file final_15.cif (mmCIF, C-alpha atoms)
data_work
#
loop_
_atom_site.label_atom_id
_atom_site.label_comp_id
_atom_site.auth_asym_id
_atom_site.auth_seq_id
_atom_site.Cartn_x
_atom_site.Cartn_y
_atom_site.Cartn_z
CA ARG A 1 93.24 121.84 120.77
CA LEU A 2 93.56 125.38 119.40
CA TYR A 3 90.92 128.10 119.70
CA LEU A 4 90.35 130.68 116.94
CA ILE A 5 88.41 133.84 117.84
CA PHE A 6 85.92 135.48 115.46
CA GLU A 7 83.65 138.50 115.65
CA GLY A 8 80.00 137.66 116.24
CA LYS A 9 78.56 140.58 114.25
CA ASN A 10 78.45 138.90 110.82
CA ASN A 11 78.23 135.36 109.48
CA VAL A 12 81.37 133.25 109.55
CA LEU A 13 82.41 131.28 106.45
CA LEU A 14 85.49 129.04 106.06
CA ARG A 15 86.82 127.35 102.92
CA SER A 16 89.96 125.39 103.82
CA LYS A 17 91.85 122.26 102.75
CA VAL A 18 93.63 120.08 105.31
CA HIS A 19 96.86 118.37 104.26
CA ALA A 20 98.90 116.11 106.52
CA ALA A 21 102.46 117.16 107.25
CA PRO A 22 104.80 115.05 105.08
CA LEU A 23 107.23 112.64 106.72
CA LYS A 24 110.88 113.09 105.74
CA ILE A 25 112.95 109.93 105.31
CA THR A 26 116.74 109.99 105.02
CA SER A 27 118.00 106.61 106.21
CA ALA A 28 119.27 103.88 103.91
CA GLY A 29 119.44 100.11 103.91
CA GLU A 30 116.79 97.52 104.75
CA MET A 31 113.83 99.67 105.83
CA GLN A 32 110.88 97.49 106.85
CA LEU A 33 107.72 99.26 108.01
CA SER A 34 105.07 97.68 110.20
CA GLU A 35 101.43 98.01 109.22
CA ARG A 36 100.70 101.15 111.26
CA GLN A 37 104.15 102.58 110.48
CA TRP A 38 102.96 102.98 106.88
CA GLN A 39 99.28 103.42 107.80
CA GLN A 40 99.79 106.64 109.78
CA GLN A 41 101.34 109.01 107.23
CA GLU A 42 99.83 110.55 104.10
CA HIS A 43 102.91 111.96 102.34
CA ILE A 44 106.40 110.51 102.70
CA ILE A 45 109.23 112.43 101.03
CA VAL A 46 112.55 110.66 100.46
CA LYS A 47 115.76 112.62 99.77
CA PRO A 48 118.61 110.13 99.26
CA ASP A 49 122.09 111.42 100.11
CA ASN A 50 124.41 108.62 98.91
CA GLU A 51 122.27 105.49 98.40
CA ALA A 52 118.61 104.46 98.54
CA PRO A 53 116.86 102.12 100.99
CA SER A 54 114.85 98.99 100.25
CA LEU A 55 111.28 99.54 101.45
CA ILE A 56 109.49 96.50 102.87
CA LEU A 57 105.72 96.66 103.39
CA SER A 58 104.56 93.63 105.37
CA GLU A 59 100.86 92.72 105.46
CA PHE A 60 100.24 95.31 102.73
CA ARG A 61 97.26 93.99 100.78
CA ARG A 62 97.40 95.99 97.55
CA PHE A 63 94.08 97.48 96.48
CA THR A 64 93.05 95.87 93.18
CA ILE A 65 89.71 95.90 91.38
CA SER A 66 90.76 93.68 88.44
CA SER A 67 91.75 90.05 88.97
CA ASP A 68 94.19 90.25 86.07
CA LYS A 69 97.41 92.00 87.06
CA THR A 70 98.01 93.59 83.63
CA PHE A 71 94.74 95.55 83.48
CA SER A 72 94.20 96.91 87.03
CA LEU A 73 97.74 98.18 87.42
CA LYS A 74 96.75 100.39 84.47
CA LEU A 75 93.62 101.23 86.45
CA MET A 76 95.63 103.33 88.87
CA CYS A 77 97.48 104.41 85.70
CA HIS A 78 93.99 105.29 84.31
CA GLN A 79 91.97 106.22 87.40
CA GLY A 80 95.13 108.35 87.59
CA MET A 81 97.98 108.06 90.10
CA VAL A 82 101.63 108.86 89.37
CA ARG A 83 103.01 112.41 89.27
CA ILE A 84 106.39 113.79 88.17
CA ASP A 85 107.68 117.06 89.62
CA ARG A 86 111.26 117.89 88.59
CA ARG A 87 113.28 114.97 89.99
CA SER A 88 110.64 113.75 92.45
CA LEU A 89 107.92 111.29 91.55
CA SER A 90 104.95 110.58 93.79
CA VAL A 91 103.08 107.28 93.58
CA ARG A 92 99.90 106.79 95.60
CA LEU A 93 98.95 103.27 96.68
CA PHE A 94 96.01 101.98 98.68
CA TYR A 95 95.47 99.18 101.18
CA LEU A 96 92.47 97.34 102.55
CA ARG A 97 91.53 97.94 106.17
CA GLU A 98 89.26 96.10 108.60
CA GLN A 99 87.22 99.16 109.51
CA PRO A 100 85.20 100.69 106.64
CA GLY A 101 87.00 102.65 103.94
CA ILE A 102 90.14 102.14 101.87
CA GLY A 103 93.51 103.31 103.15
CA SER A 104 95.97 105.49 101.30
CA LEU A 105 99.69 106.19 101.32
CA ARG A 106 101.84 108.25 98.96
CA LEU A 107 105.54 107.56 98.36
CA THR A 108 107.59 110.48 97.00
CA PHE A 109 111.12 109.80 95.69
CA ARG A 110 113.90 112.05 94.45
CA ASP A 111 116.96 111.38 92.30
CA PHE A 112 115.40 108.70 90.02
CA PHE A 113 115.73 111.10 87.08
CA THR A 114 119.29 111.90 86.06
CA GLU A 115 120.87 115.32 85.56
CA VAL A 116 120.78 115.41 81.74
CA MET A 117 117.02 116.12 81.66
CA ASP A 118 116.96 118.82 84.36
CA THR A 119 114.83 120.98 82.01
CA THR A 120 111.45 119.39 82.78
CA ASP A 121 109.80 122.62 81.60
CA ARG A 122 110.76 121.40 78.11
CA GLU A 123 108.74 118.40 76.93
CA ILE A 124 110.83 117.80 73.79
CA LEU A 125 113.52 115.89 75.69
CA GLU A 126 110.93 113.65 77.35
CA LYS A 127 109.18 113.08 74.01
CA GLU A 128 112.49 112.11 72.38
CA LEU A 129 113.42 109.75 75.22
CA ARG A 130 109.95 108.14 75.35
CA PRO A 131 110.88 105.38 72.84
CA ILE A 132 114.06 104.68 74.82
CA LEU A 133 112.07 104.06 78.01
CA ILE A 134 110.27 101.20 76.25
CA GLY A 135 113.55 99.48 75.41
CA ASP A 136 116.01 100.53 78.14
CA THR A 137 114.27 102.26 81.03
CA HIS A 138 117.16 101.63 83.43
CA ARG A 139 119.53 103.83 81.39
CA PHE A 140 117.88 107.10 82.47
CA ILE A 141 117.33 105.63 85.95
CA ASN A 142 119.93 106.34 88.62
CA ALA A 143 121.94 103.30 89.67
CA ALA A 144 120.98 103.74 93.34
CA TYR A 145 117.44 102.58 92.50
CA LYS A 146 118.43 99.95 89.92
CA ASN A 147 118.44 97.55 92.88
CA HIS A 148 115.18 99.01 94.31
CA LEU A 149 112.72 98.69 91.42
CA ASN A 150 110.44 96.39 93.46
CA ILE A 151 108.03 96.96 96.34
CA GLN A 152 107.20 94.22 98.82
CA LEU A 153 103.46 93.85 99.49
CA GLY A 154 103.50 90.79 101.72
CA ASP A 155 102.19 88.09 99.39
CA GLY A 156 102.74 90.23 96.27
CA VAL A 157 105.43 92.23 94.47
CA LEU A 158 104.95 95.58 92.71
CA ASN A 159 106.97 96.87 89.74
CA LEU A 160 107.57 100.52 88.78
CA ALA A 161 109.23 100.19 85.37
CA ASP A 162 105.93 99.05 83.90
CA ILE A 163 103.99 101.92 85.49
CA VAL A 164 106.52 104.43 84.17
CA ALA A 165 106.46 102.87 80.70
CA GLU A 166 102.67 102.68 80.50
CA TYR A 167 102.34 106.22 81.89
CA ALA A 168 104.61 107.45 79.10
CA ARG A 169 102.54 105.38 76.66
CA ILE A 170 99.22 106.88 77.72
CA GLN A 171 100.71 110.37 77.76
CA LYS A 172 101.80 109.77 74.16
CA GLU A 173 98.37 108.39 73.26
CA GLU A 174 96.63 111.44 74.76
CA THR A 175 98.58 113.76 72.45
CA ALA A 176 94.22 101.79 75.00
CA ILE A 177 91.61 103.32 77.33
CA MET A 178 89.03 105.70 75.88
CA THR A 179 87.88 108.97 77.45
CA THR A 180 84.48 110.70 77.47
CA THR A 181 84.63 114.28 78.69
CA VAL A 182 81.63 116.39 79.69
CA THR A 183 81.06 120.14 79.42
CA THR A 184 78.22 122.64 79.69
CA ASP A 185 77.37 122.61 75.96
CA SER A 186 77.77 118.84 75.48
CA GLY A 187 74.91 116.40 75.90
CA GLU A 188 71.73 115.55 74.05
CA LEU A 189 68.34 116.60 75.36
CA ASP A 190 63.81 114.10 87.81
CA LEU A 191 67.28 114.50 86.28
CA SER A 192 66.28 116.94 83.57
CA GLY A 193 69.03 118.41 81.42
CA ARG A 194 71.55 116.84 79.06
CA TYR A 195 71.85 113.12 78.33
CA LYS A 196 75.07 111.39 77.28
CA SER A 197 75.19 107.89 75.81
CA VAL A 198 78.18 105.65 76.48
CA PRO A 199 79.52 104.07 73.25
CA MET A 200 79.88 100.64 74.88
CA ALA A 201 78.54 98.98 78.07
CA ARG A 202 80.11 98.84 81.56
CA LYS A 203 79.72 96.39 84.50
CA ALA A 204 78.67 96.79 88.17
CA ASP A 205 82.33 97.77 87.90
CA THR A 206 82.13 101.56 88.45
CA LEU A 207 84.44 103.90 90.40
CA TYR A 208 85.06 107.59 91.42
CA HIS A 209 88.49 109.24 91.54
CA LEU A 210 88.25 112.72 93.06
CA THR A 211 91.11 114.84 91.74
CA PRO A 212 92.12 117.54 94.26
CA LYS A 213 91.99 120.08 91.43
CA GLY A 214 88.27 119.40 91.02
CA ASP A 215 88.20 116.98 88.09
CA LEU A 216 86.01 113.87 88.19
CA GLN A 217 87.47 110.67 86.68
CA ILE A 218 84.65 108.04 86.79
CA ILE A 219 85.90 104.49 85.91
CA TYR A 220 83.84 102.27 83.52
CA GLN A 221 85.54 99.01 82.25
CA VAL A 222 84.03 96.79 79.54
CA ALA A 223 81.74 94.00 80.85
CA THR A 224 83.87 91.60 78.82
CA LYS A 225 86.30 89.36 80.67
CA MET A 226 88.44 87.96 77.87
CA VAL A 227 89.82 91.42 77.01
CA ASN A 228 89.39 94.35 79.41
CA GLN A 229 88.91 97.82 77.84
CA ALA A 230 87.76 100.31 80.49
CA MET A 231 86.34 103.75 79.72
CA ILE A 232 87.10 106.91 81.74
CA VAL A 233 84.57 109.74 82.28
CA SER A 234 86.05 113.22 82.72
CA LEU A 235 84.24 116.11 84.45
CA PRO A 236 86.70 119.02 84.46
CA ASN A 237 86.36 121.61 87.22
CA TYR A 238 83.07 120.14 88.44
CA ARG A 239 83.88 121.05 92.05
CA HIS A 240 83.42 124.79 91.43
CA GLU A 241 81.01 124.51 88.48
CA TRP A 242 78.56 121.71 89.27
CA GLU A 243 75.45 123.85 88.57
CA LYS A 244 76.66 124.77 85.08
CA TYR A 245 76.84 121.03 84.33
CA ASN A 246 73.38 119.52 83.84
CA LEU A 247 74.40 116.36 82.00
CA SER A 248 73.84 112.79 83.14
CA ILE A 249 75.08 109.58 81.51
CA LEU A 250 73.03 106.52 80.51
CA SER A 251 74.44 103.01 80.16
CA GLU A 252 73.08 99.57 79.32
CA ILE A 253 74.70 96.73 81.27
CA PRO A 254 73.93 93.14 80.21
CA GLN A 255 73.12 90.50 82.81
CA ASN A 256 73.98 86.82 83.06
CA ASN A 257 70.38 85.95 82.11
CA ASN A 258 70.71 87.69 78.69
CA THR A 259 68.87 90.71 80.11
CA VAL A 260 69.81 94.36 79.55
CA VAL A 261 69.45 96.69 82.54
CA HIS A 262 69.56 100.45 82.14
CA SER A 263 71.60 102.53 84.56
CA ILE A 264 71.38 106.31 84.56
CA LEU A 265 74.07 108.20 86.46
CA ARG A 266 74.09 111.75 87.86
CA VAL A 267 76.59 113.41 90.21
CA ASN A 268 75.70 115.89 92.99
CA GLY A 269 79.06 117.00 94.32
CA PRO A 270 80.83 113.75 95.18
CA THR A 271 77.37 112.16 95.54
CA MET A 272 77.14 109.41 92.91
CA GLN A 273 73.42 109.10 92.26
CA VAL A 274 72.81 105.85 90.35
CA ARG A 275 69.37 104.73 89.15
CA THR A 276 69.00 101.14 87.93
CA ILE A 277 65.92 100.36 85.82
CA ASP A 278 64.98 96.88 84.67
CA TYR A 279 63.17 98.32 81.60
CA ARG A 280 60.40 95.72 81.60
CA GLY A 281 62.94 93.11 82.69
CA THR A 282 60.58 91.14 84.96
CA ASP A 283 57.54 93.37 85.61
CA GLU A 284 54.84 94.69 83.26
CA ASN A 285 54.77 98.46 82.63
CA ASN A 286 56.04 98.91 86.22
CA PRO A 287 59.74 97.99 86.21
CA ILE A 288 61.51 97.95 89.55
CA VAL A 289 63.85 100.90 90.12
CA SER A 290 66.79 101.01 92.53
CA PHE A 291 68.47 104.21 93.73
CA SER A 292 71.98 104.23 95.18
CA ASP A 293 74.61 106.80 96.11
CA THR A 294 78.05 107.18 97.66
CA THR A 295 79.95 110.25 98.85
CA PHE A 296 83.64 110.86 99.49
CA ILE A 297 84.09 111.05 103.26
CA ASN A 298 86.92 112.70 105.19
CA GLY A 299 88.03 114.15 101.85
CA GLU A 300 88.65 110.82 100.18
CA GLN A 301 90.28 110.61 96.77
CA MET A 302 89.35 107.02 95.76
CA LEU A 303 85.86 105.52 96.41
CA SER A 304 82.94 103.46 94.79
CA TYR A 305 80.65 100.35 95.10
CA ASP A 306 81.62 96.75 94.18
CA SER A 307 77.81 96.55 93.78
CA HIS A 308 77.99 92.81 94.53
CA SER A 309 78.62 92.81 98.29
CA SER A 310 77.53 96.32 99.32
CA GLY A 311 73.95 97.37 98.65
CA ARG A 312 70.45 97.24 100.05
CA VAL A 313 66.95 97.33 98.56
CA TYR A 314 65.51 100.86 98.77
CA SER A 315 62.31 102.23 97.29
CA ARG A 316 61.86 106.00 97.01
CA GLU A 317 60.04 106.44 100.31
CA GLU A 318 62.25 104.15 102.37
CA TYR A 319 65.30 105.79 100.76
CA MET A 320 64.54 109.40 101.60
CA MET A 321 63.08 108.53 105.01
CA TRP A 322 66.21 106.63 105.98
CA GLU A 323 68.07 109.64 104.60
CA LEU A 324 66.40 111.90 107.14
CA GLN A 325 66.89 109.28 109.85
CA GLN A 326 70.64 109.29 109.27
CA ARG A 327 70.39 113.08 108.87
CA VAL A 328 69.56 113.09 112.57
CA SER A 329 73.02 111.50 112.74
CA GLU A 330 74.24 113.93 110.05
CA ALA A 331 73.97 111.85 106.89
CA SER A 332 77.13 112.11 104.81
CA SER A 333 75.34 112.59 101.48
CA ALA A 334 72.95 115.23 102.83
CA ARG A 335 75.85 116.84 104.69
CA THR A 336 77.87 117.21 101.50
CA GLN A 337 74.84 118.39 99.51
CA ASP A 338 74.12 121.16 102.01
CA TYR A 339 77.79 121.98 102.30
CA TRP A 340 78.16 122.30 98.52
CA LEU A 341 75.00 124.43 98.60
CA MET A 342 76.78 126.88 100.89
CA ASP A 343 79.79 126.64 98.56
CA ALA A 344 77.77 127.45 95.42
CA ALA A 345 76.07 130.31 97.29
CA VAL A 346 79.14 132.51 96.61
CA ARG A 347 79.92 131.76 92.97
CA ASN A 348 79.48 135.43 92.09
CA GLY A 349 81.52 136.29 95.21
CA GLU A 350 78.69 137.47 97.47
CA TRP A 351 75.93 135.50 99.21
CA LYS A 352 73.29 135.34 96.47
CA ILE A 353 71.39 132.25 95.31
CA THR A 354 71.53 131.74 91.55
#
call {"tool": "encode", "arguments": {"input": "final_15.cif", "output": "structure tokens"}}
result
Amino acid sequence: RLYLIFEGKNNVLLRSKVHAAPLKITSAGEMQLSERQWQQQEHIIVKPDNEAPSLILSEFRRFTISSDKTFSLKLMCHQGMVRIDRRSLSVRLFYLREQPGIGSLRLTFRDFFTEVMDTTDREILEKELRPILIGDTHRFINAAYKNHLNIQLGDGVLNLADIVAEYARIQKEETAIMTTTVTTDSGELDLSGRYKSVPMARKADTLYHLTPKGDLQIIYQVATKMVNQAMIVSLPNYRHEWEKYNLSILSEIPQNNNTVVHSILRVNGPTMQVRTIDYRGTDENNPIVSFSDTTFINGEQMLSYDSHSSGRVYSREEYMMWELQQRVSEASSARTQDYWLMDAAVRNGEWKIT
């Protein structure tokens, strides 16, 4: 424990981000990690000297939201998770854990990229070599990893050539999966403000990637099993500008009983306020309305609601009363709302409520 001393004359305000110290790895050969041995760290940086090791991840249940293996791999590649910095590439994977939440672990590798393209500040070389990666990806890949293109997951096997190829493909397509961005001056006219209509429906399948920069990447697939076409929602710089954004998004999800249910979504910080309305589905002039929310906790980066196993019936009164009840125990959603309130209190720089 470490004690920091502050003057008691004024009010004390702290804005800080906590990042785990990376773990340096330099051994080579058959490197098998037990469950906690890869559960503990957050960043692992690998700097090969002569060769590269073969990572083995036993009892590593890969986090997947899509049953098909060709669509959900792209989900990370669309929720967003694979970064290139010079010669290092970082890939973030997630695992399922017994206690609530979803685990995380980032693998950072050097030396995969050869020495010919050491000018990563220039994108022309990458653009020219993009077609080559489709045909012969191994050519630009150092031989030391030609024998380490697989990851062991216990009962499954993970491939990186496909992620690299599809990441290049989506980067080319940006300059597939469709994107809907939101801004202050975009959106048609309790949640008063702007309204945005999704072009095509989504399922109970919904998700929230929290970019550290402050960009929201909400995941919305297709509600159509025989081809999966998900749709990404972009909220740039919402973390520091959430009050300038007064837009919420409406969707119409079909049900198995040939019934259309409306779902209207608003975001309050990382609080995902979802309102489900039957729209005269079973009642008369008084449709039942369900309110739900989730909040990133301990600074999570990936989080949402299967909406098939997690959920409970809450009317307005029961909802906000249970909110105060857990607020006795420091409700996470109310905590983050108040905490973002303090954050937005200094947008102009000085404590003044806009």
call {"tool": "closest_atom_pairs", "arguments": {"input": "final_15.cif", "of": "range 101-196 of chain A", "to": "range 241-265 of chain A", "cutoff": "8 Å", "atoms": "all atoms listed in the file", "output": "Markdown table"}}
result
| residue | atom | partner | partner_atom | distance |
| --- | --- | --- | --- | --- |
| A:182 | CA | A:247 | CA | 7.6 |
| A:183 | CA | A:245 | CA | 6.5 |
| A:184 | CA | A:245 | CA | 5.1 |
| A:186 | CA | A:247 | CA | 7.7 |
| A:187 | CA | A:247 | CA | 6.1 |
| A:191 | CA | A:248 | CA | 7.5 |
| A:192 | CA | A:246 | CA | 7.6 |
| A:193 | CA | A:246 | CA | 5.1 |
| A:194 | CA | A:247 | CA | 4.1 |
| A:195 | CA | A:248 | CA | 5.2 |
| A:196 | CA | A:249 | CA | 4.6 |
call {"tool": "atom_distance", "arguments": {"input": "final_15.cif", "atom1": "CA of residue 65 in chain A", "atom2": "CA of residue 205 in chain A"}}
result
8.4 Å
call {"tool": "residues_near_point", "arguments": {"input": "final_15.cif", "point": "(117.0, 110.9, 105.3)", "cutoff": "7 Å", "atoms": "all atoms listed in the file", "output": "VMD selection string"}}
result
chain A and resid 24 to 27 46 to 48
call {"tool": "closest_residue", "arguments": {"input": "final_15.cif", "among": "A:302, A:218, A:342, A:177", "to": "residue 102 in chain A", "atoms": "only C-alpha atoms"}}
result
A:302
call {"tool": "resolve_selection", "arguments": {"input": "final_15.cif", "expression": "the PyMOL selection byres ((chain A and resi 89) around 10)", "output": "list in words"}}
result
residues 45, 82, 83, 84, 85, 86, 87, 88, 90, 91, 107, 108, 109, 110, 111, 112 and 113 of chain A
call {"tool": "atom_distance", "arguments": {"input": "final_15.cif", "atom1": "CA of residue 145 in chain A", "atom2": "CA of residue 128 in chain A"}}
result
22.8 Å
call {"tool": "resolve_selection", "arguments": {"input": "final_15.cif", "expression": "the PyMOL selection byres ((chain A and resi 331-338) around 12)", "output": "PyMOL selection string"}}
result
chain A and resi 239+242+267-273+292-299+320-330+339-345
call {"tool": "resolve_selection", "arguments": {"input": "final_15.cif", "expression": "the PyMOL selection byres ((chain A and resi 55-61) around 6)", "output": "PyMOL selection string"}}
result
chain A and resi 31-33+54+62+95+152-154
call {"tool": "residues_around", "arguments": {"input": "final_15.cif", "residues": "residue 303 in chain A", "least_positions_apart": "4", "cutoff": "7 Å", "atoms": "all atoms listed in the file", "output": "list in words"}}
result
residues 207, 208, 209 and 296 of chain A
call {"tool": "closest_residue", "arguments": {"input": "final_15.cif", "among": "A:347, A:275, A:308, A:225", "to": "residue 71 in chain A", "atoms": "only C-alpha atoms"}}
result
A:225
call {"tool": "closest_residue", "arguments": {"input": "final_15.cif", "among": "A:18, A:105, A:115, A:1", "to": "residue 40 in chain A", "atoms": "all atoms listed in the file"}}
result
A:105
call {"tool": "atom_distance", "arguments": {"input": "final_15.cif", "atom1": "CA of residue 79 in chain A", "atom2": "CA of residue 101 in chain A"}}
result
17.6 Å
call {"tool": "axis_aligned_box", "arguments": {"input": "final_15.cif", "around": "range 125-136 of chain A", "padding_each_side": "8 Å", "output": "JSON"}}
result
{"center_x": 112.6, "center_y": 107.7, "center_z": 75.3, "size_x": 22.8, "size_y": 32.4, "size_z": 21.8}
call {"tool": "closest_residue", "arguments": {"input": "final_15.cif", "among": "A:227, A:81, A:164, A:129", "to": "residue 94 in chain A", "atoms": "only C-alpha atoms"}}
result
A:81
call {"tool": "residues_around", "arguments": {"input": "final_15.cif", "residues": "residue 167 in chain A", "least_positions_apart": "3", "cutoff": "9 Å", "atoms": "all atoms listed in the file", "output": "list in words"}}
result
residues 74, 77, 78, 82, 162, 163, 164, 170, 171 and 172 of chain A
call {"tool": "closest_residue", "arguments": {"input": "final_15.cif", "among": "A:36, A:210, A:6, A:158", "to": "residue 64 in chain A", "atoms": "all atoms listed in the file"}}
result
A:158
call {"tool": "closest_residue", "arguments": {"input": "final_15.cif", "among": "A:189, A:38, A:228, A:2", "to": "residue 72 in chain A", "atoms": "only C-alpha atoms"}}
result
A:228
call {"tool": "residues_around", "arguments": {"input": "final_15.cif", "residues": "residue 180 in chain A", "least_positions_apart": "3", "cutoff": "10 Å", "atoms": "all atoms listed in the file", "output": "list in words"}}
result
residues 196, 197, 198, 199, 217, 218, 231, 232, 233, 234 and 235 of chain A
call {"tool": "decode", "arguments": {"input": "final_15.cif", "residues": "range 199-218 of chain A", "atoms": "N, CA and C atoms", "output": "CSV table (one decimal), in the first residue's frame"}}
result
chain,number,residue,atom,x,y,z
A,199,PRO,N,-30.8,0.6,-40.9
A,199,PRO,CA,-31.4,0.1,-42.2
A,199,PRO,C,-32.0,-1.2,-42.1
A,200,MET,N,-31.4,-2.1,-41.3
A,200,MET,CA,-31.9,-3.5,-41.3
A,200,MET,C,-31.8,-4.1,-39.9
A,201,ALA,N,-32.7,-5.0,-39.5
A,201,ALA,CA,-32.9,-5.4,-38.1
A,201,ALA,C,-31.6,-6.1,-37.5
A,202,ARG,N,-31.7,-6.3,-36.1
A,202,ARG,CA,-30.6,-6.9,-35.4
A,202,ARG,C,-31.3,-7.9,-34.4
A,203,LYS,N,-30.5,-8.8,-33.8
A,203,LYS,CA,-31.1,-9.8,-32.9
A,203,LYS,C,-30.8,-9.4,-31.4
A,204,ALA,N,-31.2,-10.3,-30.5
A,204,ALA,CA,-30.9,-10.1,-29.1
A,204,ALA,C,-29.4,-10.0,-29.1
A,205,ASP,N,-28.8,-10.3,-30.2
A,205,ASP,CA,-27.4,-10.2,-30.4
A,205,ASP,C,-27.0,-8.8,-30.4
A,206,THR,N,-26.4,-8.3,-29.4
A,206,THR,CA,-26.0,-6.8,-29.3
A,206,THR,C,-24.7,-6.8,-28.4
A,207,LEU,N,-23.8,-5.8,-28.6
A,207,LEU,CA,-22.5,-5.9,-27.9
A,207,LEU,C,-21.9,-4.5,-27.8
A,208,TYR,N,-21.0,-4.3,-26.8
A,208,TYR,CA,-20.3,-3.0,-26.6
A,208,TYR,C,-18.8,-3.1,-26.4
A,209,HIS,N,-18.1,-2.8,-27.5
A,209,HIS,CA,-16.6,-2.6,-27.4
A,209,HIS,C,-16.3,-1.2,-27.0
A,210,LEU,N,-15.5,-1.0,-26.0
A,210,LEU,CA,-15.1,0.3,-25.4
A,210,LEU,C,-13.7,0.6,-25.8
A,211,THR,N,-13.5,1.3,-26.9
A,211,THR,CA,-12.2,1.7,-27.3
A,211,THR,C,-11.5,2.6,-26.3
A,212,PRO,N,-10.2,2.3,-25.9
A,212,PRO,CA,-9.6,3.2,-24.9
A,212,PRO,C,-9.5,4.6,-25.4
A,213,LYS,N,-9.5,4.9,-26.7
A,213,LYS,CA,-9.5,6.3,-27.1
A,213,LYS,C,-10.8,7.0,-26.8
A,214,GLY,N,-11.9,6.3,-26.7
A,214,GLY,CA,-13.1,6.9,-26.4
A,214,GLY,C,-14.2,6.7,-27.5
A,215,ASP,N,-14.0,5.8,-28.3
A,215,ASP,CA,-14.9,5.5,-29.4
A,215,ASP,C,-15.8,4.3,-29.0
A,216,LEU,N,-17.1,4.4,-29.3
A,216,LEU,CA,-18.0,3.3,-29.0
A,216,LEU,C,-18.2,2.5,-30.3
A,217,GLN,N,-18.1,1.2,-30.2
A,217,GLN,CA,-18.3,0.3,-31.4
A,217,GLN,C,-19.4,-0.8,-31.1
A,218,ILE,N,-20.6,-0.4,-31.1
A,218,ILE,CA,-21.7,-1.3,-30.7
A,218,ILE,C,-21.9,-2.3,-31.8
